[PDB]
Amino acid sequence: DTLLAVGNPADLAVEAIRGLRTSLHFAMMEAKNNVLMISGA
Amino acid sequence: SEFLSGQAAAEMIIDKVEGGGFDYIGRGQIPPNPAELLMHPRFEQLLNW
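Residues numbered from 1 in each chain as written, not as in the entry; some residues may be left out. Chains lettered and ligands numbered in written order. Part of a larger assembly, values for the part shown. Heavy atoms only, no water.

- Header annotation of the entry names cryo-EM as the structure determination method and lists the resolution as 2.9 Å.

## Here's the deal with the layout of surface pockets
In this approach a probe as big as a water molecule rolls over the atoms, and the regions it shows empty are the leftover space.
All names here are of chain B.
For step 1, the next point in the chain: Put simply, the largest pocket is a space of about 270 Å³.
For step 2, the next point in the chain: In terms of lining, the largest pocket is formed by 15 residues, of which the most central are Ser-1, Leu-4, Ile-25, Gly-26 and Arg-27.
For step 3, the next point in the chain: Those elements that provide at least two residues to the lining of the largest pocket are α1 (34–37) and α2 (41–48).
For step 4, the next point in the chain: Here the residues of the lining of the largest pocket are counted per class, giving ten nonpolar, three polar and two charged. (1 Å grid on protein atoms, 1.4 Å probe; cavity = no way out; pocket = protein on both sides within 12 Å on 5 of 7 lines; lining within 4 Å. Points joined across faces, edges and corners; volume = space filled by probe spheres on them. Helix = DSSP H or I, 4+ residues; strand = E, 2+ residues; numbered from the N terminus. Nonpolar A, V, L, I, M, F, W, Y, C, P; charged D, E, K, R; others polar.)

## Topic: unusual backbone geometry
For step 1, the next point in the chain: Positive phi outside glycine occurs at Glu-30 of chain A, with the angle close to 50°.
For step 2, the next point in the chain: Within the secondary structure, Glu-30 of chain A is located in the segment after α2 (12–27).

What follows is the structure in structure tokens.
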């Protein structure tokens, strides 16, 4: 019940999430504001 | 690493290859947060200089 990005910062999943962060830093440009909404099916 | 973390200057990192003819900057000590270090603006300052 603790964040993976804190307990094991060198896990593969956290590396993939850092890749997602770098993707977002370019995707989230020229957006009308700085709000991100993560949803699902 | 020792430059990105801020505990070194831009001049003590550059060394000369013996049988080469080009300078180089080694990684240094392995950090615990590489990808988070590389985002520091000092990296861009180093490249611009």
